[PDB]
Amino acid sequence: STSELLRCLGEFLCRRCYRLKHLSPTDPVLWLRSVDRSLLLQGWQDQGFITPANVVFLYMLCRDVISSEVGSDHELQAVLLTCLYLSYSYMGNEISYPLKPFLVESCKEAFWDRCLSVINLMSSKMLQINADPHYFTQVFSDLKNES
């Protein structure tokens, strides 16, 4: 179920960004829940994006993208949202999505930069997790035991 995997995501995001012992697994989830919520400014998406598979797809990006030395949650939320943006772009049920709820960073130039950095480092895995069920299970599993 969604929720459950989400906490694992949060869980993981705290074990990764250790440099912020003020963080709770609930925050990152609140951030993910928010955009997917407002995105329901209808005409944007008739169905919620965040699903088991999608969280997993998302944990997949965060996994190899979120630096361990992240300084300040704001930086986390930005990169996390960049990841979320790509997940929507690539796994999105709609043929597209807006950038309003994803750009929380100031320097627009940097948001698009990550988008390219991530795409260049994760493009293969983004397609594999879709084409290789066994790979989907390993990520799903790893995520499940990140709790």
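Start at 1 with the first residue shown and count on from there.
The PDB entry records a higher mean C-alpha B factor for 5-13 than for its counterpart among 5-13 and 119-127. Legend: mean Cα B-factor per stretch from the PDB entry, 97-105 versus 79-87; the higher mean is in 97-105. When the modelled residues of the chain are ordered by their C-alpha B factor, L32 lands in the highest third.
When the modelled residues of the chain are ordered by their C-alpha B factor, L40 lands in the highest third. Ranked by C-alpha B-factor against the other modelled residues of its chain, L58 falls in the lowest third. Remark: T51 belongs to the lowest third of its chain, ranked by C-alpha B-factor as recorded.
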